[PDB]
């Protein structure tokens, strides 16, 4: 059994290597240490310090430097005894302090061990390199083991989900969140992998299509940013559908907040969506000519960032893969073509050059790209031309065609483009869903791949959505963790801020941000100023989660869970309306093209429902939360080790900052207050039997033994609770016990 075979790749890559002896003595030391801050300004940077002595209320220790120092016992960060370096769950630690949690992690990361439990969480640090732990071999080892049976691993947590579904006939959900670049999507993909393997019906297609869904999505929804070479520019929730028996029967997809802006603008050194690049790189010569195709350097929407390729990535090779998944999934050859055409047309539209002079109006001296795009799209260029610069507009009675300047003309085109893409994307999802989704499913396991809190330099409307979402999810956790912790105290017979923030945002009466925003969105002439004035009007000095800046006249601050956040209001009105000239709809509505027409002729795709972008999102979240609320949840927190996509570089500031945002640290804090340590009686005795002159290592009266020792040592009755099964210990208690003689 590779589980007990200490020479297996399982032991090799997932386990902390075991020696020939397990004897308590190995680990005996004379030393006691303290975690300290060599420099008080950097609070996240710590050194180990050897406690030298103690007074009644303080410790005194010995710095790295030789200097001596003094500490209040009640403020001190004691180091756990070395036996604890590497434990598979942070909860086994006795001293639960920040540095302490960091250290265990680190210790694991040093051995490439990237996964650790922290009570309910599975913590996962991105390694920045390939570890062969996701093999079929690996897969089959996880089938049916309990969480204590096996090493931490995304496979494990998913197996647990699966058995629970079967054994409780309850639906499940794994929540996978964290910063850009931390790993979410990888692991997300693993889960499906694993699932489709233990529970698929292979001697199969489904399974195939299901797997193939992602690639498709990623091509259209992922991009190369500064933070990651393959970032998901969208949120998503996967539902794996099963039948009563337990076999996979289908699935569905839900996307949230696609980054439409990226289509028409990419920050420096980043890239647009992959497709554009795959297309340019793998289209046949017959496809190129058919699509007026060229190099990226030739296309305004592609050539600006000054990045057109990813190191160690072949846009050409990726296209084949994509092309392949479209096949498996069920895209006709035509459909594929149309997709492309669109992708091309978009590019063309972006090349359209608007000059002036004549008046202030815009004109089209060159008509090239206009033609191309027109063609590809299957619409009347003149019509479109017109729709672009001479949109007719309602002056109420008067429908009168407005002639636009160059910027506004340029802007309309951009909107066009974003609509095109955003719809197309939806269209894909729906498409896929048609193929995979099962009306009649008995159970499911839902996977959420979404970012955690986003706090940049510049925080926009988009981030407000993400953080909102994040507050809702965080609170869900807290609720949950609370029941589940309360359940354990009974089974063993042993003895809020979120809402306010939530309210400020989404509240109806009184109204929160979203509400005020929405309100302003019926007024055509309202401006960002109008809006921000309204907000401060309502919350400044009146709401404690709100903050009116002392000088900025464009921002406000919301006090999130993760901490305070400054939002810039620039363009919220536009973002919330997500406008598009009717003439354009019309224009495109008469397309010759199959798909194209769909994107404008199907309400499901073409329209929000009159609905705001905010409102629509608010609804979307509501539902998600609702469904989640019906499942049993698993939480996975993904952690980026550093900022530079390196390996073997686990940065203290970077990691802790994450553990603070994502709740891992509070979980500890709160758990810390109780009886963090809860050992199985028999186990205690195994290690500790030699400390109290009495007892044998083995015993049927384990509870009696656990007692004799506790009695021996003369431990404070307050430091522990007798569980029916487990002995419940208070913080530091065990560490001391472990610090006793043989």
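Residue numbers count along the first chain shown, from 1.
Inset, instruction - Note how many residues of the deposited chain are left out of the model between residue 495 and residue 496; the options are none, 1 to 3, 4 to 9, and 10 or more. - result: Per the record, 4 to 9 deposited residues are absent between residue 495 and residue 496.
Legend entry - Where residue 609 meets residue 610 in the shown sequence, the number of deposited residues left unmodelled: In the record, 4 to 9 residues between residue 609 and residue 610 lack coordinates.
Inset, instruction - With reference to the PDB entry, specify whether the mean Cα temperature factor is higher for 312-320 or for 549-557. - result: It is 312-320 that shows the higher mean C-alpha B-factor.
Inset, instruction - Going by the average Cα B-factor in the PDB entry, point out whether 59-67 or 43-51 comes out higher. - result: Between 43-51 and 59-67, it is 59-67 that shows the higher mean C-alpha B-factor.
Inset, instruction - Would you mind finding, among 183, 357, 647, 295, the residue with the largest C-alpha temperature factor in the entry? - result: Result of the comparison over 183, 357, 647, 295: 357.
Inset, instruction - Would you mind finding, among 592, 332, 564, 170, the residue with the largest C-alpha temperature factor in the entry? - result: Each of 592, 332, 564, 170 was compared by C-alpha B-factor; the highest is 592.
Legend entry - Lowest, middle or highest third - CA B-factor, residue 159: Residue 159: CA B-factor falls in the middle third of its chain.
Legend entry - B-factor third for the C-alpha atom of residue 721 within its chain: Answer is highest: the recorded C-alpha B-factor places it there.
Legend entry - Record-listed C-alpha B factor of residue 440: chain third: Highest third.
Inset, instruction - Consider only the C-alpha atoms of the modelled residues in this chain, order them by B-factor as the entry records it, and name the third containing residue 271: lowest, middle or highest. - result: It belongs to the lowest third of the chain when residues are ordered by C-alpha B-factor.
Legend entry - B-factor third for the C-alpha atom of residue 468 within its chain: Lowest third, going by the recorded CA B-factors of the chain.
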